[PDB]
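J.: Handing you this structure, nothing more for now.
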Amino acid sequence: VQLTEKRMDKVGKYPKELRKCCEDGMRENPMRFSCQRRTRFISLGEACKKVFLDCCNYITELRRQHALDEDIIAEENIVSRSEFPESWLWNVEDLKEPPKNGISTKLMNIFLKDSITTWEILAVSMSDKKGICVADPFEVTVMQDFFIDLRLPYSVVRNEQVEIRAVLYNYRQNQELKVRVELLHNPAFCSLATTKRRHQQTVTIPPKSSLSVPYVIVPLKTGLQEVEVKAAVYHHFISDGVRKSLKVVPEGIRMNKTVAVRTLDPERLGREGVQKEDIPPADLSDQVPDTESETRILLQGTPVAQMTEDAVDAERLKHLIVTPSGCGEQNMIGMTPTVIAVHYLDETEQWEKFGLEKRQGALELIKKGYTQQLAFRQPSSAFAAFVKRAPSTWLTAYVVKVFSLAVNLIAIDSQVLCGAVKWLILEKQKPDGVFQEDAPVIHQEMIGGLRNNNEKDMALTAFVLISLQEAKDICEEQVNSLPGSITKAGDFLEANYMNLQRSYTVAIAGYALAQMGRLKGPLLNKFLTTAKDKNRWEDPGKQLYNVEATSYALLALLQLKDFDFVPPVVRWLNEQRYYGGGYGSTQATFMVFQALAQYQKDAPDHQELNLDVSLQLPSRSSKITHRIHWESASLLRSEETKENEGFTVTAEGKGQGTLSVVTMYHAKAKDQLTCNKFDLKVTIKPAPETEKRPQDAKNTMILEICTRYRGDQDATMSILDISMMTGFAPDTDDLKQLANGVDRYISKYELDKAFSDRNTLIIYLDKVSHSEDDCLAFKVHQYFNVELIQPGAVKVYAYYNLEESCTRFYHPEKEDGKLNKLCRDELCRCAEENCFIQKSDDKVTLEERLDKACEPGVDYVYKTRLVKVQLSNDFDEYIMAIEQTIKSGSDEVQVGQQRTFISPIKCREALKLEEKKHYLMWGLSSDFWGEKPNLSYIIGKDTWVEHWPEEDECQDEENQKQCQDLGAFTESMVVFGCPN
Amino acid sequence: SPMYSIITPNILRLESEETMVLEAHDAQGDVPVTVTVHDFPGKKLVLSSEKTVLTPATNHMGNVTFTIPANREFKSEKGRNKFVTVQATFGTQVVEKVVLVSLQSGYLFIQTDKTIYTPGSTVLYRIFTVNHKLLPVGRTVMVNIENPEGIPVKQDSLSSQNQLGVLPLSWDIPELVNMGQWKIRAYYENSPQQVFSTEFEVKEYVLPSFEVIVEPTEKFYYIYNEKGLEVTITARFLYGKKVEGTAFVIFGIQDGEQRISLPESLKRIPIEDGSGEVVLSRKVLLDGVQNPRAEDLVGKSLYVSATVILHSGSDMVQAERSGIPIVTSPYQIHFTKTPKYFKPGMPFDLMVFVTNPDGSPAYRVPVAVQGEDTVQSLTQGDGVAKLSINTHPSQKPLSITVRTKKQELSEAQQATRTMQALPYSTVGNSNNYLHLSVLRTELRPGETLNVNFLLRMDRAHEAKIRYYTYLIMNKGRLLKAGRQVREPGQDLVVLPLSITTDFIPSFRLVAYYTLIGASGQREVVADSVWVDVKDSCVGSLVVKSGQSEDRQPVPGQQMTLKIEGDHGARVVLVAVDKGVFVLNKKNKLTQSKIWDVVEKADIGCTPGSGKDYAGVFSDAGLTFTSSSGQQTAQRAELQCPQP
Amino acid sequence: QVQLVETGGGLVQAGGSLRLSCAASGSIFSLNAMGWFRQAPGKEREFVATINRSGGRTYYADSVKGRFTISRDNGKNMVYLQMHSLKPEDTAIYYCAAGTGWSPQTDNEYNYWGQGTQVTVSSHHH
Ligand SMILES: *[C@@H]1O[C@H](CO)[C@@H](O[C@@H]2O[C@H](CO)[C@@H](O[C@@H]3O[C@H](CO[C@@H]4O[C@H](CO)[C@@H](O)[C@H](O)[C@@H]4O)[C@@H](O)[C@H](O[C@@H]4O[C@H](CO)[C@@H](O)[C@H](O)[C@@H]4O)[C@@H]3O)[C@H](O)[C@H]2NC(C)=O)[C@H](O)[C@H]1NC(C)=O
Ligand SMILES: *[C@@H]1O[C@H](CO)[C@@H](O)[C@H](O)[C@H]1NC(C)=O
């Protein structure tokens, strides 16, 4: 009863075609949906559905028996290994010494690589007399019999109890190795090794095998720290050692919240004199305690200076956008912005001052983009958003547009472009002039209204017309029906133009009609009227779509050569930068780039750059006067300050630019207060032990994510951005089952690690239904067991409208208290020293209290009373009450006011507080902290905390000695001052 | 009587030195000859006069070596073979022949460091630019890298004029790109119609916890062996620790490029100590139901798919063993190296090629001919064994049957093969044949080969033969040409052929004599031979260790590397892992691949004879024409007619 | 790789002393084990002394436990063997050997050897 051979034996009785559906039906679905609920998600298999149900029902009732058992499918036609060691010794040398019997000899001394593998050097000779000669491989078996491997996680969050392990490999066959393995000490984390003594231990490795030696460390400081293990063998002369770098990340999540963005322009705005502009400080009502914050002030001399400078540099082009790129339109970062950037620089003749050498680099970037984009192509030149999906009309037309715009820069194959135009015109355009879309919706303007969907055809047809407006003389001999398609599309747009209710449709349709010269009269009036405040085309509830609509409308205005309605639209488009200096989605950044770039077609009485921007920063001691001029290599200047303040900026002179004020801080792990346009629930539940896990894994758990759209229709494109907990990684088997099976629930996964905090897992969803919850679950494996784990984040957001989001956090929440790594040793007292002062082992006198209290840093000395205790899984909050200010600090506080002290979780057991007990506490002016509620004293290495026994219990033996000392302390700190 | 003979390569390669040998028979005075080549049609000249005179001091042998400059004309862009007309004027008598042209301009070989990559790695590739003589030359070549959709994503265009025929190139695979059999195309800027390609797979990034090797004990399957196919399942971790687990293995039959998975052979064997043996019995094997017999399954192949699951984890790795042959005999007899025509009466040499089921050459395999099976001939290292038969002079089409007689075998496992050979055609039924015989050895440059000339003819006009005309065909070009004297009354005439490094890798010898025939007409008796030299380097290069067997070097050690090459030659190196060099299918870059490519572009199609008197020159890759009216049938086929 | 040349031997008094210098022809760093071996006529190849790559760890055979002292100067690429309190039974051919670092007391893990030098310790009279 192996029940695997039964499964495969039953699979072997279906036709070879349409045979995968029974295989995927036999699979254990991790999101344990019944057969009839999985047959709802199967796409194209009509006979497959019945087959999927037949086999699913089968194996499911064969699983109802037998409570070692093997229940995995044995598949076929899959190659196993890749990632072989990188090649080296790639050089061209020649022989030019006198030959010996016609054979020249040259000796070349080389350095072997640090890899344990069998290299095989291949040689080829080319002689201009005796021709060519391919040599035999010279096999070099590089081997080492004692090799030490250090296993540490990807990143560890501060104050976590992780157990790294040093695996020792012994390949000696006749010898059982006795070796002394030692962990070196680093003051940046509490290890079993200190400065007082080493942590060296003697172990014995069996022959032809390994041994794992564990070390538990507690990171105390954020940054890249050195984990170094030394191994010295106890018999031979082999001494090996490993020194790896472990990065320790802060306790929250990184945020680059945009403080404000202000258009720097003294001529059209700022009236008399010149423009003054106040910039507020940041919110930071949730900044993680004891974390730094950096404010980057960015001065763009022109509206499109940073976007170009980033579009040229390779290792900076992907910083324009805060969302991943794993789909047909998203990948277009590799082309579009670099394309319009190079064109903007060509039209304005700026490569001379900027640097000619970079142009070709940009072109190579475009080449790479083009290469990447070719991966989404189907037969007959049709582009789908994801492989194994129906080709989309919108994406195909958009790729046509970008490619036809790119034929000027790099070599674009006319077969793909022309075949795509042919696919669009011939297959997707109906004699109605309407373009059909038989794929899932990508843009939320592609789905339109329901009972009347007239505008649904309007927006798509206008977009495809904009696409074909730039492939006029580029692709025509292959597809000669471009004037007729433009005719029919423009006719459908110009006929049903008075049926448009949304401002986006009006915008993009107006630009499509203006490109042909058909925007005039009632269409012109109707178009310009909808613009609210005559500087933005917007709809409530769709935020980035308003940036797109304003961009398309600006292109319509520049197409009509109208130079009156533009400056307000430029001022509005320049101040929509919400996610860093750039924008959220791809389409927003692209269209704003195109429009703001094409406002500088020529210089027809247009503003030339010569600004005199002075900034009075409170953190700095003097004014800061930046002067960016035209005909300068860098139209960009930036400064950085490590203190968050609200500074005043004063622009002057002639020139229109941008002031981007962005900060960087770490927010706490609290779930979203108000989730705008998304419902999201995340739960994590442990998996059974007997259920098999990978070998290196220690514990396996199930992660379940359930989301729902709150809109009137289904969401069009959604991202699940899951940041893993420390030491965790997803099970790629389940991800493969969900992304590639017949019952599809995931478009594709990524695991796109950008080297920021913990590694992320991006999941792509074609849609999120509003009629139900799109639950999906998968296994997560903990390869390093961690205690005091800080929770992980799961942020959902719509790709083309980032304000539709919901950020939730998940945690196992183990029961009633904290299980840490065994605290008996000094490894623990070391960790607990960090978060509150240390007492001399009950040898505490009031004279000592006076010393430590009369330190020059001691700003406040309070007598608190523990009112409330709200402890979380990342930071415990003690809502205290001041009963008497024995020494008030730099912050005014009244007797009886509450102050909420924050403490790290790792210190909870070290403090062991009880509610409604008196306490003596003191600290520094640095202990005060900026949050709201304005109750922020961080209990740190300088915060004295001691339980004050009440008057009724001073009649006990262990208390009176402390009571009298505390009273003498109080009066000796009120009546008598400090002499130090 | 005056007879001006012209023979030149049957297919003229462009930008290559083609030697033309023109003669003057029965004429004792010296005739001036200037040869020119014209575009067909038209009077467009692409070669100068190329002067020479044929003085009796050189026995009337001429040299007019020339190169054909590459130009576009006569529909080299519309699917026609742009023929050219050669002119050979002997005083006033002019002999012309329309010769086929092949725009080839040389060879391009592509070196890839790996064959399976990861999306994100670097591809180090080099282009080698040589001509038809495999010497480095400076040409302009276009290098395009194509995705499996056939879209060039990386276009380059460079000249290897002063880089000594090598072009180092690199490309970084992006993180998201197509998956499949990516190609690298390389073609000459002058001859884009000729493309060379090397393929590689990008696939994806996978790192298994353990490797599983699944292979049978026998490198083939003998059908009548009821022991079954015994397959070994070994599995070990990637660091030398044997895997403990269990393997689900299944068998099936690969007919052509399709398969029939057998759901009756699925077995679960325990993999203990990294070892596991499973057998596919002939009982279950015969039970595949289509038509049940054991001789219809010959020619198909088997395949073994194994899925090993680890005991201590959920890890699972599968491997497949394909390319295993189902043979009726563990040896194969091939007449592909044996001529397809025989001369009646005079003995026939058979170049019987003995090989193994995997295509490898056989060694020490006794073979014999049916009928006169009382002969003893063993196979050499190259895999060729000669079997001579003394045939009778008749009009019979000779049907030969050869079988191997290797004992210590059941002699049902001995294969037999039947070839059909058509007779020769003498002009005028003159019974005039010449036979060239050589002793089959694996010879090297530096040796001297005795070429046995045989001449059988009637007693009349036997004193008219004082000279054999011998020409050497090497890599498509004419290497050496000359005369071999003969005293009348001799039946065997030995030619001392001095073999140098130029005869590599294979050469065809053409020998003919012309005379006034007994039927009254012009008689041209001819015969050729395909002689295979050991396929080794024209030069020499090896790479060995340094001072004193640097034993199992440790990572980071500075080991001395000794390079042994030719004087005045660039040497390119690339250190790749064994794990990628081993699994690259047959896409390696070896010397044998180079020689196989050069021999694949050979003009001659038949080993050593022709259908008639002029078919010998055509089958040898030569156009023969005369002033007396003897010529070959012109070819319009750039590729040989495949049988 | 590296080859070695031993010098400093010869004939010496019964209880005298002499230092044997082992010259290397390459890089002596990264050589974990550097060992002196002796072979007397009518004796198996026996072990004398080994020194670590940086010194500190020294292994000696019981026959020369306190009488001999092996040293090394990595800067000069030299290994020294000082022989104090000689005994007539020490008459042998002393070799210098480059090793791997594995099991230095045995002679199987030394892939490079030298030429050797004859040390003859003559007894009193006889
Ligand atoms: C979130 O927001 C943060 C804001 O901090 C982003 O992080 C920053 O990204 C910036 C670029 O996007 C980084 O800008 C760089 O600034 C460097 C300056 O650093 C020092 O400057 C002082 C000034 O005297 C020097 O002495 C020091 O030696 C350093 O240089 C520049 O060096 C760097 O590159 C240069 O820029 C200049 C012009 O600005 C060029 O002329 C020069 O050729 C070179 O290109 C660059 O400008 C900034 O450091 C960086 N902060 C950190 C520490 O990360 C995040 O990337 C945003 N994250 C996301 C995901 O959006
Ligand atoms: C012409 O050159 C070839 C090649 O070396 C040679 O075989 C031939 O003998 C030469 N011609 C004469 C007349 O010697």
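Residue numbers (the entry's author numbering), protein chains in the order written: chain B, 673 to 739, 751 to 1663; chain A, 23 to 665; chain C, 1 to 126. Virtual Cβ for every residue (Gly too), placed ideally from N, Cα, C.
Going straight from the alpha carbon of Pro629(A) to that of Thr645(A), what length do you get?
T.: Approximately 17 Å between the Cα atoms of the pair.
J.: Anyone know if the C-beta pair for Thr91(C) and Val119(C) falls short of 8 Å?
T.: Yes. Within cutoff.
J.: What residues of chain B sit near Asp588(A), judged by a beta carbon separation below 8 Å?
T.: Those are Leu778, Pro782, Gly785, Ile786, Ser787, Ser808, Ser810, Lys812, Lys813, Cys816, listed as they occur along chain B.
J.: Judging by CA-CA distance, which residue of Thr523(A), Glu545(A), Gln354(A) is the nearest neighbour of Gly450(A)?
T.: Comparing Cα positions, the closest option is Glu545(A).
J.: With a cut-off of 8 Å, does the C-beta of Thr1233(B) fall near any C-beta of chain A?
T.: Chain A contact via Cβ: absent.
J.: For the 8 Å Cβ check, are there 3 or more pairs between the region 831-840 of chain B and the region 622-639 of chain A?
T.: No contact exists between the region 831-840 of chain B and the region 622-639 of chain A.
J.: Relative to the alpha-carbon of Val5(C), which residue among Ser85(C), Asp107(C), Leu81(C), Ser21(C) has its alpha-carbon at the smallest distance?
T.: The candidate whose alpha carbon is nearest that of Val5(C) is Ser21(C).
J.: Determine the extent of the beta strand (DSSP E) in which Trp552(A) is found, giving its start and end residues.
T.: Note, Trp552(A): beta strand (DSSP E), 544-554.
J.: Should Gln115(C) be flagged as near chain A, meaning a C-beta pair shorter than 8 Å?
T.: Closer than 8 Å: no.
J.: Taking any heavy atom of ligand 1 as the mark, which residues have a C-beta closer than 7 Å to it, listed down the chain?
T.: Spelled out in chain order, the answer is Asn939(B), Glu977(B), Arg979(B), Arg999(B), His1002(B), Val1005(B), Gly1263(B), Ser1317(B), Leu1319(B), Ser1321(B), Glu1323(B), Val1345(B), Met1347(B), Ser1439(B).
J.: Collect the residues with a C-beta less than 6 Å away from any heavy atom of ligand 2 and give them in sequence order along the chain.
T.: This criterion selects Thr80(A), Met83(A), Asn85(A), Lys502(A), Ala503(A), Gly504(A).
J.: Just how far apart, CA to CA, sit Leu1048(B) and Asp194(A)?
T.: Their backbone Cα atoms lie some 12 Å apart in a straight line.
J.: Please tell me whether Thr358(A) and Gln402(A) are closer than 8 Å, where the distance is taken between their beta carbons.
T.: No, the pair does not count as a contact, with Cβ atoms beyond the cut-off.
J.: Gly101(C) versus chain B: which residues are under 8 Å apart at the beta carbon?
T.: The answer, in chain order, is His919, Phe920, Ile921.
J.: What residues from chain B crowd round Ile173(A), counting only those whose CB sits closer than 7 Å?
T.: Under the 7 Å cutoff, chain B gives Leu1057, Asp1096, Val1099.
J.: Which residues mark the beginning and the end of the beta strand (DSSP E) in which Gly1264(B) is found?
T.: Counting along the chain, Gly1264(B) falls outside any beta strand (DSSP E), and DSSP gives it neither H nor E.
J.: Starting from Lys1551(B) and walking both ways along the beta strand (DSSP E), at which residues does that stretch end?
T.: Segment 1541-1554, the beta strand (DSSP E) holding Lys1551(B).
J.: Terminal residues of the continuous beta strand (DSSP E) containing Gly345(A)?
T.: Segment 338-349, the beta strand (DSSP E) holding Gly345(A).
J.: Short of 8 Å in beta carbon distance, which residues of its chain neighbour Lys1599(B), apart from the five on each side in sequence? Order them along the chain.
T.: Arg1548, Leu1549, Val1550, listed in sequence order.
J.: Just the Cα atoms here: how many angstroms apart are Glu1509(B) and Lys879(B)?
T.: Going by the C-alpha atoms only, they are around 11 Å apart.
J.: In chain order, what residues of the same chain have a beta carbon less than 8 Å from the beta carbon of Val598(A), not counting five sequence neighbours either side?
T.: Here the set comprises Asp135, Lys136.
J.: Let me know the beta strand (DSSP E) ranges lying completely inside the region 1474-1509 of chain B, each 3 residues or longer, listed in chain order.
T.: List check, beta strand (DSSP E) in window: 1475-1481, 1484-1493.
J.: In whole angstroms, give me the CA-to-CA distance for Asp395(A) and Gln417(A).
T.: If you take the alpha carbons of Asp395(A) and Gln417(A), they lie about 24 Å apart.
J.: Find the residues of chain B that neighbour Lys263(A), judging by a C-beta separation of less than 9 Å, and give them in chain order.
T.: Simply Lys891, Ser892, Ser893.
J.: Helix, strand or coil: how does DSSP classify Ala1073(B) here?
T.: In the structure shown, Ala1073(B) sits in coil (DSSP, three-state: anything other than H, G, I, E or B).
J.: Give the DSSP bridge partners of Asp1404(B), in chain order.
T.: For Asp1404(B), which the question treats as bridged, DSSP gives the partners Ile1445(B), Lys1478(B).
J.: Residues of chain A with CB under 7 Å from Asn111(C), in chain order?
T.: Here the neighbours are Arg573.
J.: Taking beta-carbon pairs under 9 Å, can you tell me which members of the region 1004-1024 of chain B lie near chain A?
T.: Here the close residues are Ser1008, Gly1009, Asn1014, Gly1017.
J.: Determine whether the Cβ of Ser765(B) lies closer than 8 Å to any Cβ atom of chain A.
T.: Answer yes: the Cβ-Cβ gap between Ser765(B) and chain A drops below 8 Å somewhere.
J.: For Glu769(B), decide whether its Cβ has a neighbour in chain A, counting only Cβ atoms nearer than 8 Å.
T.: So, interface residue.
J.: Could you say if the region 310-322 of chain A and the region 197-214 of chain A meet the contact criterion of at least three C-beta pairs nearer than 8 Å?
T.: Not touching, per the Cβ criterion.
J.: How about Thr946(B) and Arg1260(B): are their beta carbons less than 8 Å apart?
T.: Not closer than 8 Å, so no.
J.: Excluding the 5 residues preceding and the 5 following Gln1581(B) in the sequence, name in chain order all residues of the same chain whose CB lies nearer than 7 Å to its CB.
T.: Here the set comprises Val1550, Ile1562, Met1563, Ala1564, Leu1618.
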